[PDB]
Structure formats: structure tokens, C-alpha cells
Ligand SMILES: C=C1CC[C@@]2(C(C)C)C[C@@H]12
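The chain below stands alone, shown as C-alpha cells; this is the form deposited without the named molecule.
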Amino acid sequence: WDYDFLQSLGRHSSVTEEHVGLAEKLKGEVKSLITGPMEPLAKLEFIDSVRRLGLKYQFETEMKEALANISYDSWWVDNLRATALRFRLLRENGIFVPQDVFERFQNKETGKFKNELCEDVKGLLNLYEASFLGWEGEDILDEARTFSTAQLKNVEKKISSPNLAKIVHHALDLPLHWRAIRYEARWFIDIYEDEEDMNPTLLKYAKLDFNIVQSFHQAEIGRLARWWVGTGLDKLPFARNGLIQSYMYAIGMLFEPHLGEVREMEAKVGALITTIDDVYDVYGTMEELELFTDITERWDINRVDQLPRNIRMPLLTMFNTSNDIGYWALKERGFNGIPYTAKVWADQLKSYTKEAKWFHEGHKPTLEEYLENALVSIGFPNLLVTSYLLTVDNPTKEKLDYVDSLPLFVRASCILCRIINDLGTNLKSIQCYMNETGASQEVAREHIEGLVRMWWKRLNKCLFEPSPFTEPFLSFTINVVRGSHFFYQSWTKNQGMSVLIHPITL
């Protein structure tokens, strides 16, 4: 967490031409395996492994085709383990599978899962993971969640294989569906190695690809670190280590090398959001904040000198950065994005002002009122719209306008990030609920957790509906949520060193 160290990064890369060469050789082999004949359950398992290792970006097409072909039922209809894995993978890849596929395993009278299945751990694990792919009203899945969760909790201590035990403990903490991809990949690499049926070729490739991707991140980090010091925001009292935290968060949103420029831009915005949050929350005067907001709405800087230095610098950095991001869009994408960057920052500042205002005037909002504002203040509408502006094919005023309106797919993601943040961490989601219902601290928290689950189902359903959206925006929307879950469970320092700094030994 030292800037001199960070700035240094990217200067010297661990990877070698030898490493690169071996990687492309290995990739082809993995491609062969993915498309090659294999027992069906094994293939599903292999494909799942590829995703878990963070390699889906590499083989998205081969993977889809393999699943498509897989979509002769003898291999899976008979066993729940196969059924659940099949259900999850198909759904994750856009192939619908009805929940009724799980009925045979239920007691018809009770509608409950047979106690007989609790003995096999993998069976329970697949069922549990598969349940997070459910939509609203899919009660079978909801039943599967509570059943598998309870069983897994019961059987965790009865497990003898330590590796399996680690996996179960990991799943109970967070299902795979909710885990940030890059981070999960690092953890899994070590785990996969110890699996009995592990494929050495995939593992090797996973290690190589990780190191290679990492080198790109290291280079990105160095530039960002130099940029941050250049702004001078590093010497400001607020937001210590905001940049690295922001970059780490962005890694969760997008980790791919081909998206490095976009990632760097997201990281800059993230760092600013964090710093400005502190300006509004702690440092600034209402008079100062209202001015900060007004200057932003107008995108007019005539009055900036009115503000004190500690506030003026963050305001100018936000202004300059937004202009730069907007310009990049004009240059690379042939579409001036400044109006859009400016607008989402205006909305964001307004959300902050409102919170500051409630706080300076003693208002206590209801949960819906708080959330209506808070989904905006978390900063995700800003991050996502910007992300859209920089990646969408043939951008237009109309497209940007639709995204900025916060349709359900986007809105759901923003709400989730906010609630996830509040659960992990004046007045937040829980207190607002307590007051609306007077409910207990424990009961309210339970209620919020319910919202998370509810919102995810909606997000899951949105993926199957017709949409204006395409990759990579669809992924960004889902990924920011995962990023939120990861950050809100010194533990960040360990994740930083393991994923960004230290290469995997070969």
C-alpha cells in the first residue's frame, strides 16, 4: 500500500516469452478438451472448472457450443448431482432449464427434499449452488436453498477429505454465483490442484494465464498510482488508500486484459467517488457542498476558487477526469461522452447532497426513500453508465439515455451494491428499516438479506429476457454486485498481495 511501491510496478514483468509460448500451446489443448468427447458429467465438471479458474473469457465460444450440444439423458436424469450441475451450467450460459427437473427428488406429499440425499456431499453442494440461479416464484429452488444450506451445515464437520471440507466451508460463506471471478480464480487454483480428478493441462494453463493477466494488472496499477500522486489527492486527509481499494473493486467488475483501458478509467472514477464521499460526509460545509454540486450541474468552474483547497482539488480532478473519459470516447468510440460523464456525476453529487442535508437537518428517511437516493450514492449508476459509454457498439444519445434512466436490470444491480454495502458496514439500510418498522436489529438485518436474495432473482431473470444490452455490459452489471459481496463479508491486503502482486510459482 505504498505509492512508491505501486508506481514502481509494471516496470518489471515476471512473465517470459517462453511462458507466453507455452500458454498458447496449452490453450489449444484445453480447447481440444472442451470440445473433445468426454463423459457428460465429466464435461460439465470440466467446463465448470474452466469458469472457476477464471478462464471463461478465453474459451467462451467452445464452452457454449459444448453446452449446447449437451443440451441422451441417461447420464443425468437418474442422479441429482448431475441434474443440479446440469441445471446450473445451462442456466449460467443462457439455456433455460425448468425447476421441475428437481421434482423427482422431492417427497410428493411434503414437497420437501428426501432426507435420503443428505448423506452425499457433492450432491448437496451442486444443489446448493444451483439454487442461486433461481427466479422469483420458483419455489422448488427456494426450497432447495434452505434444504441444502441446512444439510451442508450439518454435514460439514462430518467430512474427511480436507479439500472437500474447504470447498463446503467456502460455499457456505458465499455461493459461487455471488463470488467475484478474479478473486475466486486465485483461490480455486490451489483447490483444484488437490482434487483427485484434476486435469493437469487445465491447471497448468490456469496458472500461466493467471500470471500473464497479472502482469497486465501490474502495469495498470503503476499508471494509476502515478496518476493519483499526480492529482495530489494522495496527500489529502480523506480516503486513505482509496485508489488501491478502487482498483481492487474494478478487478471484480472486469479483469480481462483486453479491457485494460476501460478498467483503468473505472478505477479512476471509483477513486474519486470514494474521495468525494468523504468530502460530503465529513469535511465539507453545506454551503461548500451545495456549491460543489452546483458547479457540477452546470459543468461550469467559474466559482471554484470559492472553495477551500482540500475541496477544490477533488472537484477539479473529477471535472478533469470526466472530461478525459469523455474525450476517450470521442477519440476511440467516435462519440463525445462528456455530457454523460458530467450528468452521472451531477446526479451523484445531488444524491450526496441530499444525504448530507438530511444529516444536517435531522431527517430520518424511510427505507424506500433512503434506497431511492442510496442506489445512486453508492456510485454504481455512475460506474455502470460510464462503463456502457466506453464499450457499447455504435453509441448514441438514445442508448446512453436508456441506460441512464436506470432500467430494472441496472437498477437491481445498483440496489444490490448498496444493500450489500450497508450489510457489511449515519443512517443506512438497516436503521432506516428499524424505524419504518421499529423492528429489532437482528430482524431488520434478516429482512435486508431477503432483499439481496430477491434482487438477485430479478437479476437472474433479466438475463433471460429480451434486452438492448449485450456483452460486455451484461457482465459488468452482474460483476459489480459480486465485487460488492467480496469486499463486504486487512483481509483486503492479503487478497491484494495474492491476486495482484505475487505471481503463482511454477
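We number the residues from 1 along the sequence you see.
*Enter the number of deposited residues without atomic coordinates between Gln489 and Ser490, binned as none, 1 to 3, 4 to 9, or 10 or more.*
The entry has a gap there, with 4 to 9 residues left out between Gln489 and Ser490.
*Between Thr425 and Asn426, how many deposited residues lack coordinates (none, 1 to 3, 4 to 9, 10 or more)?*
According to the record, 4 to 9 deposited residues lack coordinates from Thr425 to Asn426.
*Averaging only over Cα atoms, indicate whether 416-424 or 382-390 has the higher B-factor in the PDB entry.*
The stretch with the larger average C-alpha B-factor is 416-424.
*Identify the stretch, either 354-362 or 370-378, whose C-alpha atoms have the larger mean B-factor according to the entry.*
Comparing averages over the C-alpha atoms only gives 354-362.
*Among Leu53, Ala66, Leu459, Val452, which residue carries the highest C-alpha B-factor recorded in the PDB entry?*
Max CA B-factor in the entry, restricted to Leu53, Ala66, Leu459, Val452: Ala66.
*According to the deposited entry, which of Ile47, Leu474, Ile70, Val480 has the largest Cα B-factor?*
When the deposited C-alpha B-factors of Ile47, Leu474, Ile70, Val480 are compared, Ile70 is largest.
*Sorting the chain's CA B-factors, does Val344 end up in the lowest, middle or highest third?*
It falls in the bottom third of the chain.
_Using the temperature factors of the C-alpha atoms in this entry, rank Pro175 within its chain: lowest, middle or highest third._
For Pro175, the deposited C-alpha B-factor lands in the lowest third.
*If you rank the chain by CA B-factor, which third does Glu116 end up in: lowest, middle or highest?*
CA B-factor rank for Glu116: highest third.
_For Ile504, the third of its chain into which the C-alpha B factor falls_ = It falls in the middle third of the chain.
*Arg240 - Cα temperature factor, lowest/middle/highest third of chain*: Highest third.
Below, we turn to the form solved in complex with the named molecule, even though it does not appear here.
*asked:* If I superpose the C-alphas around the site and drop in the named molecule as it sits in the deposited complex, do 3 or more of its atoms land within 2.4 Å of a backbone or C-beta atom here, i.e. is the pocket blocked or open?
replied: Transferred pose: open.
*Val344, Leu176, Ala185, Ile378 - the one with a heavy atom within 4.5 Å of the named molecule in the deposited complex*: When the named molecule is considered in the deposited complex, the option within 4.5 Å is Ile378.
_Interface residue in the deposited complex among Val410, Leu383, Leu89, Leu208, criterion: non-hydrogen atom within 4.5 angstroms of the named molecule_ = Contact residue from the list: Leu383.
_Although the partner isn't part of this model, could you tell me whether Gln245 comes within 4.5 Å of the named molecule in the deposited complex, counting any heavy atom of the residue?_
Yes, contact at 4.5 Å.
*If you check in the deposited complex, is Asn163 within 4.5 Å of the named molecule, heavy atoms only?*
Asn163: no, not in contact with the named molecule in the deposited complex.
*asked:* Is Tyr340 near the named molecule? Define near as a heavy atom within 4.5 Å, in the deposited complex.
replied: Heavy-atom contact with the named molecule at 4.5 Å: absent for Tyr340.
*asked:* I'd like to know whether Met318 contacts the named molecule in the deposited complex, with contact meaning heavy atoms within 4.5 angstroms.
replied: Answer no; every heavy atom of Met318 is more than 4.5 Å from the named molecule in the deposited complex.
*Do all of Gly123, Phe147 and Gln151 end up near the named molecule in the deposited complex, with near meaning a heavy atom within 4.5 Å?*
Heavy-atom distance to the named molecule in the deposited complex: none of the three under 4.5 Å.
*Considering the named molecule in the deposited complex, find the one stretch among 245-253, 95-103, 223-231, 74-82 with heavy atoms no farther than 4.5 Å from it.*
Correct option: 245-253.
*Would you mind checking 252-278 for residues with a heavy atom within 4.5 Å of the named molecule in the deposited complex?*
Read in sequence order, the residues that approach the named molecule (within 4.5 Å, in the deposited complex) are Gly270, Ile273, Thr274.
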